[PDB]
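Quick heads-up: the structure tokens below are two forms of one chain, split into structure 1 and structure 2.
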Structure 1
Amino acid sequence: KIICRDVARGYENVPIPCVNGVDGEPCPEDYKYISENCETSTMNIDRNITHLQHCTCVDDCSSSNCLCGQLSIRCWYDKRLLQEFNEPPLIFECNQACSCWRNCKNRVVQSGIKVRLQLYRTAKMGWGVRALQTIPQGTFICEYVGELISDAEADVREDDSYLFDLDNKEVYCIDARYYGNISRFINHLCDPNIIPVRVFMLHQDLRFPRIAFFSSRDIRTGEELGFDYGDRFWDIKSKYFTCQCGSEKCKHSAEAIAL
């Protein structure tokens, strides 16, 4: 049963419907869907355009001489992102200071969602997000979008369920509780199929990466998307509830934690 034809109300490149064939819960409305991060705290991001590293290409930035391409860290594009073996990977997309055209090949994340997703009711994990088409390894899925808040503010938010940390070693957080995009509905999987990548577009302030999800393997039609929320989340939450990802390899179920 279709409870909403587009939770994004046209804010994304494509519609993101919500269905619930499992239970009585209506299409969630306790948040505001936004497609880009909102700044509701006090931080000053360095947006100084003269600070940007930029390329001088006048092709499609598909050559290895593209300076922006060369700045990528712990990852790189083949045709699709690959990651280095074993600190998160950094992508520097082209920006307003680059000489290239708006439609160069180094603007994947800033160009937005391309894959077909659906918000759906899962059996045991509330709302989740699934792929409606096959998605090859290394494909951009969606950004993790919300309010940029400080570490102090995140620690006192009443609900911690929608936080994503921007951590160097001084930390900032993206809180998708009140304002967020489709990513706020992605569950934890102990068997993850997407990974977060730190991306820079309009600014290159290393304290404030944008978080982009890329597939970590080929994903089949119908599969739930999920990332590894990590030990910080589970060390907190496992004292109240345990993982219901249902994987034969689950690391956070009551059974796995007892053993």
Structure 2
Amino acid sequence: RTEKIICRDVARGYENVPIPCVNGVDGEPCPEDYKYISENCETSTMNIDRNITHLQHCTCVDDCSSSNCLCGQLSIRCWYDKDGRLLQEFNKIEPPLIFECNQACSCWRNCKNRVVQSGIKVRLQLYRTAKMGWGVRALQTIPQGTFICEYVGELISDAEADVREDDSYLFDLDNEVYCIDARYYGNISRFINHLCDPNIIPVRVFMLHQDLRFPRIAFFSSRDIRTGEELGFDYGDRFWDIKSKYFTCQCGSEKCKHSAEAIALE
């Protein structure tokens, strides 16, 4: 069975690079039961605080590579090396909040503290997996620490999330608590699966606003990733505690945490 290219770019040109879709596994057509968006949307009054005088910002006259950058200090330090990658000493288990530079900073748009706001740079592909439906994999080697993509979707309150009947695309910001629901509106990140041996991590980031209701979710590689490797992050125990009553994990890792065999041993 050939691996049919079925969409040249599921992002319709909204990302820096195309995201093709292929399926060499079954007959499932290119997913179209959602609206691809590259940035978060709202479907009720959120009124994100965008008051430019409310932004904390830096006064740097360099490239914001020094430890005196206020934006870096709000992040404990700027965690981006010279190439835009997270430092090796970055805490991949309890990631800090990242405050990037913004439109109030005196620095230039290309300073060292602007990785997530500059968008996707790696070649990704939406593909049909063997056991998990659609997935996302790398079309290039990706060094550890590289920004992959943002979890983009519909901004909704925790109360609205509690009413909705499909939480398969719901990312809880864990702040009043708000969520990103990618069920109806989403980007490439809604197709990234759970892996008990993840290779990307979510990190909360502020960029062009600092409304603490709405951190933005940035995925970075937690290790070097080989070409063709599926991308995945740890959906978390709360997800699998709820979803256990319906299905079990198919990641096939020797340290799988939620497989039938694994849960049966409990």
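Take the two forms, superpose them, and find the largest set of C-alpha atoms that agree within 1.5 Å; that set is the rigid core. Each residue is numbered by where it sits in the sequence of structure 1, with counting from 1.
Undergrad: Tell me, which of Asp231, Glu36, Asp191, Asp46 is the one whose C-alpha shifts by at least 2 Å between structure 1 and structure 2, with the rigid core superposed?
TA: Between the two forms, the residue that moves is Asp46.
Undergrad: Cα of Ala123 displaced 2 Å or more between structure 1 and structure 2, core superposed?
TA: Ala123 C-alpha, core-superposed: shift of less than 2 Å.
Undergrad: With both forms fit on the core, is the shift of the CA atom of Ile73 between structure 1 and structure 2 2 Å or larger?
TA: It does, since the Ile73 C-alpha is displaced 2 Å or more between structure 1 and structure 2 after the core fit.
Undergrad: Relative to the superposed core, report the C-alpha shift of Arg207 between structure 1 and structure 2 in angstrom.
TA: On core superposition, this C-alpha lies 2.4 Å from its counterpart.
Undergrad: Can you give the CA shift of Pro17 between structure 1 and structure 2, in Å, with the two forms fit on their core?
TA: Residue shift at the C-alpha: 0.1 Å.
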